[PDB]
Amino acid sequence: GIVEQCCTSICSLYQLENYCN
Amino acid sequence: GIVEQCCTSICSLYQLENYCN
Amino acid sequence: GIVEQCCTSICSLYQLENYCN
Amino acid sequence: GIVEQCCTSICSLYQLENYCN
Amino acid sequence: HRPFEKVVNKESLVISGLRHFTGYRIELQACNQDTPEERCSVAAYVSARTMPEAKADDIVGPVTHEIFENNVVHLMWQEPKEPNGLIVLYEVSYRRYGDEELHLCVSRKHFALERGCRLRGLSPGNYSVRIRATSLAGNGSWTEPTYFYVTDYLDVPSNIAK
Amino acid sequence: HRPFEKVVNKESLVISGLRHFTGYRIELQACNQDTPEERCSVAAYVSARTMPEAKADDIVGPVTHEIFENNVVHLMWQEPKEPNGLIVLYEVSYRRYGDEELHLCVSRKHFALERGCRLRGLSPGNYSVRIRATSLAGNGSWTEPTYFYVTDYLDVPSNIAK
Amino acid sequence: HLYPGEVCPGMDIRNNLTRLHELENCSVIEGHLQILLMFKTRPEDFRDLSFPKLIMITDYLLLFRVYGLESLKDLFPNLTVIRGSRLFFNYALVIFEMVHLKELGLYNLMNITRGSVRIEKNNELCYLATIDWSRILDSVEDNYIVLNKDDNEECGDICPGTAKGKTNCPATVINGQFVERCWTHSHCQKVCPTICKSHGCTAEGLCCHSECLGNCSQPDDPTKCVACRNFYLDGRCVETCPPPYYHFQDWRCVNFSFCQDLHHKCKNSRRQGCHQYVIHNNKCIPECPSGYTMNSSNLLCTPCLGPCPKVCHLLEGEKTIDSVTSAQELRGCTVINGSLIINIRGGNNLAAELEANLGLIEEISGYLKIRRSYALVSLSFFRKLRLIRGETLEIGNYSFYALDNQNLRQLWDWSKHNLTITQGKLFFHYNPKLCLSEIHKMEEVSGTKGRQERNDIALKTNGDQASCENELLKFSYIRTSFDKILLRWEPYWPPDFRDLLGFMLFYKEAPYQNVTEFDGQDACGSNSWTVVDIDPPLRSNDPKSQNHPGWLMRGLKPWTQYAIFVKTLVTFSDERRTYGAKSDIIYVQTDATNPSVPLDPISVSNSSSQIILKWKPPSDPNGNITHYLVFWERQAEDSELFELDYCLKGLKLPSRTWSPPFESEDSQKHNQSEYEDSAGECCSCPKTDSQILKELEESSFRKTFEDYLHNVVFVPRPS
Amino acid sequence: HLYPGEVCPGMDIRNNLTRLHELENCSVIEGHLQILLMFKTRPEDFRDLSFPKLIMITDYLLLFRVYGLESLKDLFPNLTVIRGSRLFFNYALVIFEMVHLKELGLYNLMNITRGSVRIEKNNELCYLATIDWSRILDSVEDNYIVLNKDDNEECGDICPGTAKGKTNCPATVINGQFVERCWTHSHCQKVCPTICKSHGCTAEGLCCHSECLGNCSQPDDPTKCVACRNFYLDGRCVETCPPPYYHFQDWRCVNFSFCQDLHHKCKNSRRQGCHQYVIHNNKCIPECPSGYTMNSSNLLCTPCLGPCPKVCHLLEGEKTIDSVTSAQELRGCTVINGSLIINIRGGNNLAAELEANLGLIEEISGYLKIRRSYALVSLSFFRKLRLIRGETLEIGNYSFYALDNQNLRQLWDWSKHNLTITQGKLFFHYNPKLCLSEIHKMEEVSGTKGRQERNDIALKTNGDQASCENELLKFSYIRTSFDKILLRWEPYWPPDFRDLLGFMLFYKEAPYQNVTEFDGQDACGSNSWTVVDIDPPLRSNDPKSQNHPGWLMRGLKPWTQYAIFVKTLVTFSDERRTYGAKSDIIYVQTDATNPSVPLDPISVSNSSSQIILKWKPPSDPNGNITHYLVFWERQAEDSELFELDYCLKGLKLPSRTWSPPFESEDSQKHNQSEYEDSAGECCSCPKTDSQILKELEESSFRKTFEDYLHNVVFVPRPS
Amino acid sequence: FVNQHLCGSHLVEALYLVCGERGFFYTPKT
Amino acid sequence: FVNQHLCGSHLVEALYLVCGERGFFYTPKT
Amino acid sequence: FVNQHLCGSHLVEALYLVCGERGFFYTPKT
Amino acid sequence: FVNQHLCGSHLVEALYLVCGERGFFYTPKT
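Residues numbered from 1 in each chain as written, not as in the entry; some residues may be left out. Chains lettered and ligands numbered in written order. Heavy atoms only, no water. Residues with missing side-chain atoms left out of burial classes, pairs and counts.

- As summarised from the PDB record, the model derives from cryo-EM at a stated resolution of 4.3 Å.

Structure follows, in structure tokens:
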């Protein structure tokens, strides 16, 4: 979950590379 | 304290049950 | 002791017999 | 409407920060 | 012994049957309570005098006089009883050289004092008046500024107040 | 500008070199940064009159008169340099044998009009001088209504000047 | 012919607009529709490409953060009304953080069915406070429409006040006066007769067919309307659907072939439906209620053998009920293979739909939990609940981990419920309007107080407001006056009189007896709560008591229904104690006096022998006024007249002549704030604090002294 | 000699006055006596005997439940002081539960050593505004006198002395009125100066030697003393025991033979509860210190090279610590084979004594406990405490249990306070003034904080009315005026900036420039720090906000320093993520200003040309006043004066001393133009007059909606 | 009372009324 | 003893009127 | 204040003290 | 991207500037 992933823990790039172009 | 005790400071009823007659 | 016996309950007479001669 | 904002109603510090350039 | 007048679920009243030119001091109180007995508040004293009209400002009675080679006039006039504000009053004073100046006031105290006020000096000669024109409502008789030769109430170069 | 003054951390200050019992005023401000401007507030305003001195109302220069040939006394002097505020009034009751005895209720303006007071035609016999000058104190040229004996149209010296 | 164009499922688009070319010119949608998150966008491309062939939708419509647009009538000029079936977060219309707009401009709505809206954080958009939802919505309070350029006090009204067609804007009446509503600077609102609009209303203002709705072309026919009420069929709006066609989705009615080919398909490789739609109660629905199953014979929810409950087994590790959508995800079911939570929020009072969706689950495998619901007041929706099993538990092996319900006045009516607990440790804190009485009763009907333990309850909390009670006091005697009130009531003497600390007198005004308990508002002073502490009385336990508790007044107003009650100053201990003692909320009239003249003694006349007067009552009500009285009187002309003349040096005037001109105030320009604070009532009013903590500790000091004394001085000597 | 009596130790006066045959000829005291338990008595029994042979006391004396017994001056006149070697629950003398107690005597007392007296519930007593205790105690903070006939507010107390017969009457004002300091209506009190107060005044001469005390039969004679500060031997007060003699219990010396047989009487075949006295420190004391024991017959203690711990197996498997009595019962114990409990009371500190008593102790075999210690502040007196080992726990495996401590705010500096709470839990509720970070340090030094669990520690408490914090605020710019002031400071963004809701500011006047470093006691407000909040700024710039926070204070007195500081206002946390943050305070002047008006002028003269002008300062003197500008002229000549005061007109009508117009004319514009602006000035308006509860809910609700949106849309795919 | 007091006729009324018919010591300014 | 609760003066009067005037005897404990 | 209205050239001096060195104007009601 | 914790509009804008064009999606196809 984004806010669980990001608004509590830090969301690095590799934590986010799934859904970019 | 029939008058002065109540008009020198705070008063109370237990004061006043005895100034009864 | 004392209050544990009688400041808790309506204790018995025997707890005052305990404080007898 | 700083005047209508604050002389006819309530205002704020930011509310007049904008009328400031 | 005093007026007793009552109002019923209102906030205004118009009392009537009133003398006029009367500033009435009003004691004012009220009672929610009537069955055991009334419990009425203090008297907020308040007053007002009635709206005046052209009712008695003008003079009640006839303005009259006398004529005398005694050099005197016993002047008279009737003053209204319900007076309208400032009573009209006509001051008079003449002058001749050598101890022959004259006078007549209209004022409530002077009327009460000198029975009006009494002229002294009526005889032929040069007799004139200063007239500060005064009438709060106008009248049928003023001092009527001219030069008033001592003949009688005659043509405007003579005594005139009517 | 206006006469100036400053203070050296007092709570009190005075003035002198000033006309006796004469009307001035106050403007006490509060300067806090005097150098770019006298940074002193609006003031706490108040007036003043203190310590009258009847000596000035009394004739600093005595007052003789003119013996007019019409049997009249015209009152002549030169008013003070400090007349003790303002010269107010005299008691000039005059009336007899008719109505021309020349009463004068005299201000600055009236004395300027007349340069004094011009009495009636003289009267050999007793004569009261109840004439008095009036500053705000009230002493003037007063002795009493002491009935001076006119001596064949003369000798009415109101010269005590108390 | 009312919904001619074909229907296309729900979908969203979040990129280039070519995904809007997917349509072969639809009319109405099934399923959710949203379009949001497009930056590289600009209002000119939206001038064209409006889709007016649309008619209606049912599910929620959401728009969010698409950069570049001015208004809506160049998008959806024909989009009738939104139903509510699956709201998003208890809301239907969500136009949120939409930038660049200037006015809404949407005229097709006239009566939205259910749900609510939020149109918020719009730093460009105006023309919403000139739009009336009162005549279109029923849940007109749950809607948060805020933080817009209408809210930030910038925009103006240029809505047509002269009929460009044949109407000025309607003087629609909300917010007090008539609000000269509009959607745009051009369009004006539509008003309709009250009952008639509920089944549509003409362009003129006439009623229409009962199954017509909203806009109607021909008044009083079922086929030339624009909207329907319940269903339709093949051209007309209806109330039913006889066979072979059967109800479907609360807006239409279909064929056996329709439902048939529905169940022949699924999300994936299953040509028999995973949510296979089937017939029952003449409705073509996806799955049966409890007590029914099916063999694939003719598409009817067949009655079954024994029960047939609904194990709505959740793939999650936990479930939240914070929205109605959660309820819909658990509507109709009756059983859990997991746990459950309530997390209601906001001043909404959602228990209605909850009891509509739920109030039918009565089996739980795991654990319950309730939190942080400022508007929640009861669990009355749980009118079926039987069991909270132990298959999983919260921290420390807990099951009913209740907490933080800042307005929960009470739980169910503990008179008709039968229920089970099997495992489970409890947990209760910050329940400031939950009564310890019903809590203990919940322990009694728990079926568990062997496993109940210490530290679970915070008796220092959980009922600190809105006094609950188990004991009572009474005014054994009362005697009063117009300004004073002497009260004498029965005593309380707990297991230790020493624990007593005094009494409170709650007292305050009230115009009628409609007033009620007031304990659980803000516990500070300014609550209309004038209160006072008084010391408790001498005991004289050895004789029979002849000195009851009492108190007497410092101030009152006459003829006042002063509501009054009390409460005891009590010492706390770690004991399942009584609440203490109170008395009921008695309402008491006060005796009589008028010492107050009424204000405004007018002074004027209206004729020569007539007068004119004004009275205005004191703020002292002084009984019910019954009549006034006056003692007027005359003044002869004083020596004020007989001390002057006016033939004199100059002239003066004691003013015999009329001069009450009825002046007024030009200096007293009291502007909109009609209030001042030259002085006041009690500035930083005296209201006690931890300054009384000292006295509490002093009484405890007294207790401890007597305790140590009475302990070591006496001693048993049997042995 | 001065001290001739026979050794007469403690005894209970109870249920029969015949026990004064134990006072057949006595004059000495040891331990205590107990005057109580006489219900069938009256003045005959207390005039049947009166035994004035006494000398003094050491520990205390007692009074309880005996009728009559008018006073003591007849009973025990020769009675000097109490040593306070023991106490009765933090008091050294009792006055309690007496009926028909007219007065007391005790006109022979000069220095009460330790503790205090206790007066209570003797409702027939007065003449106690003539009796100081600081002049009879070397320390007065804990004394406590209450509930007598004086608490009815009568007894004007005509005491003699300088009045009613000169009798060497030292009156001594202490508060604002001298008083004939005495004890009765027919006695007096003895005042000393510090020249000889240490060891006592005497009107016999003027002082005694400085090893006497209290009184002395001869002035300036070191053997004719009456009291001894330090010691005693052979007819004279001294200050040391010469070393063939040895010291026993603060009141004497004896020879080695005396101490050894005063033991060895009990060193025989009968246990009479006696004790193991041994010579040590030149002192015949009860037992051996640590690293000192005695298993021999050399009659002196001797150091075991190993540790000789002062193990003391508790009774009851526990003990409460409630008083200095319970404390002294363990001084000279270090290890506790038991479990202690600390339940202290009263507005009195005791860390001084406990650091003398408990300030050696190192090892509790079981657990600590803390309970409603009101006036306590610290574990400071626990300065050797290391090991609360895991062998005993309260209900729920607790190794530590603290609660209701309304003033605890810091334990230690953690320099090298190396402890181990080896096993077991914690418990913390209603522990407000103690920070959380300190508790976290306690869990750190503890070991496995993993032993902790949910709700083992509170988070809604413990730092409420003030607190330390982790991060600090700072400033960027300030600007000021004479009537207005600006502050603009740094912006703060928590990791979830939504969690923040604004800044909380505080300020005040402060001519005294060392004001509190306090957060704020906003308990129903109730603290005159005029506080107002502020909406937070935007997230406009993503790296760093170009808009700094700000709120403008205004309406302040000119040339007035002002303390100003602020602090966060944050959503109630869920884990130990942040303590908010704060700013320090700044004494800030207010700029100079032109318009202040001086008050109360004067205008009268001593002479005509003279005028005395005098005045006062303003209400706003505006700092350093340079000087007082002045103007005046002959502004006295209007046109209102040459045309007045004719003959029959008024004589002195324009006699205008203090002329009308220049004076400050009356006014009625209370607040119209620029003060109706400031019309939210108010009274009984709280300092927290805002239902932030609703606002907290609104913020949480918005967060819920946005989180729902984003966490739905974010990843509907694995890529 | 709190800062105000039991003077005037409030005093005498409440003084009679605290007992009613027992009687009281009449205390105008005792 | 008494059905009421025995705290304080309660307890003192109780022990009084239960004593029979012989009391509780402290044997020398040390 | 902001609790209630705010008028006069208090506004003017406020804007002067606040804005300062980034330029300020006003709708002159003065 | 910031190595601070991302939330709200900051998160939205940062995420767009991260992925940008033809990267990020709602997928009802799943």
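Overview of the nonpolar core
Residue and element names in this part refer to chain G.
Link 1 in the chain: Among the nonpolar cores identified, the biggest contains 38 residues, and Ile57, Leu61, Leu79, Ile95, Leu104 and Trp133 are the most heavily contacted of them.
Link 2 in the chain: Elements with a minimum of two residues in this core: strand 1 (7-13), strand 2 (28-38), strand 4 (61-66) and strand 5 (93-96).
Link 3 in the chain: Each residue touching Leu79, except ones within four places of it in the same chain, is listed here: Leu54, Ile55, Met56, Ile57, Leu61, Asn108 and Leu109. (Core = buried A, V, L, I, M, F, W, Y, C linked by side-chain atoms within 4.5 Å. Buried < 20%, exposed > 50% of the residue type's maximum accessible area, 1.4 Å probe, protein only. Helix = DSSP H or I, 4+ residues; strand = E, 2+ residues; numbered from the N terminus. Contact = heavy atoms within 4.5 Å.)

Considerations on the state of the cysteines
Link 1 in the chain: Inspection of every chain in the model, using the stated rule, returns 49 disulfides over all chains.
Link 2 in the chain: Between the sulfur atoms of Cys312 of chain H and its disulfide partner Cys333 of chain H the distance amounts to 2.0 Å. Across the S-S bond of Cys312 of chain H and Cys333 of chain H the torsion is about -90°, and the bridge reads as left-handed. Placement of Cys312 of chain H in the loop between strand 12 (283-285) and strand 13 (319-321) and of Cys333 of chain H in the loop between helix 3 (324-328) and strand 14 (335-336) is noted, with a sequence separation of 21 residues between them.
Link 3 in the chain: Taking relative accessible area as the criterion, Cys312 of chain H reaches 19% and is therefore assigned buried.
Link 4 in the chain: Since its relative accessible area comes to 9%, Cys333 of chain H is described here as buried.
Link 5 in the chain: With no disulfide of its own, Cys7 of chain C lies 3.6 Å from the sulfur of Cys7 of chain J, the closest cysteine sulfur.
Link 6 in the chain: Free of any disulfide, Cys188 of chain H has its nearest neighbouring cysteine sulfur in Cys169 of chain H, separated by 5.7 Å. (Disulfide = S-S within 2.5 Å.)

Let's talk about the UniProt feature "disulfide bond" in chain G
Residues and elements named next belong to chain G.
Link 1 in the chain: Of the disulfides listed in UniProt, the one joining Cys259 and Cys284 is reproduced in the coordinates: its sulfurs are separated by 2.0 Å, less than 2.5 Å. One end of the pair, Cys259, is in helix 2 (residues 256-263); the other, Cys284, is in strand 16 (residues 283-285), and 25 residues separate them in sequence.
Link 2 in the chain: Classification of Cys259 by relative accessible area gives buried; the value is 2%.
Link 3 in the chain: Accessibility expressed as a relative area gives 1% for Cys284, which makes it buried.
Link 4 in the chain: Annotation check: the disulfide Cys312-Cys333 recorded in UniProt is satisfied, the sulfur-sulfur distance being 2.0 Å, below 2.5 Å. (UniProt positions renumbered as here; feature names shortened; annotations may be inferred.)

A closer look at the interface of chain H and chain A
Link 1 in the chain: The partner chain A presents 8 residues to the 9 residues of chain H that form the contact.
Link 2 in the chain: Between chain H and chain A lies a buried interface of about 750 Å² when both sides are counted; carbon and sulfur atoms form 64% of it.
Link 3 in the chain: If you sort the residues of chain H by the area they bury against chain A, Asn711, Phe714 and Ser719 of chain H come out on top, with a joint share of 59%.
Link 4 in the chain: Remark: the boundary between chain H and chain A carries 0 salt bridges.
Link 5 in the chain: On inspection of chain H and its partner chain A, the count reaches 2 residue pairs in polar contact.
Link 6 in the chain: Class assignment for the residues of the side of chain H that touches chain A results in 3 nonpolar, 3 polar and 3 charged. (Buried area = accessible area lost by both parts, 1.4 Å probe. Salt bridge = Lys/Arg side-chain N within 4 Å of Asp/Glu carboxyl O. Polar contact = N/O pair within 3.5 Å; in protein donor to acceptor, adjacent residues only side chain to side chain. Nonpolar A, V, L, I, M, F, W, Y, C, P; charged D, E, K, R; others polar.)

A few points about the domain arrangement of chain G
Residues and elements named next belong to chain G.
Link 1 in the chain: Domain boundaries in chain G define domain 1 (1-168), domain 2 (246-303), domain 3 (311-461) and domain 4 (465-595).
Link 2 in the chain: A straight line from the C-alpha centre of domain 3 to that of domain 4 covers 36 Å.
Link 3 in the chain: Tallying the contact residues gives 11 residues for domain 3 and 10 residues for domain 4.
Link 4 in the chain: Here domain 3 is connected to domain 4 by 2 salt bridges.
Link 5 in the chain: Taken together, the links from domain 3 to domain 4 amount to 5 residue pairs in polar contact.
Link 6 in the chain: The residue makeup of the side of domain 3 that touches domain 4, split by class, is 4 nonpolar, 3 polar and 4 charged. (Domains from an automatic or database assignment.)

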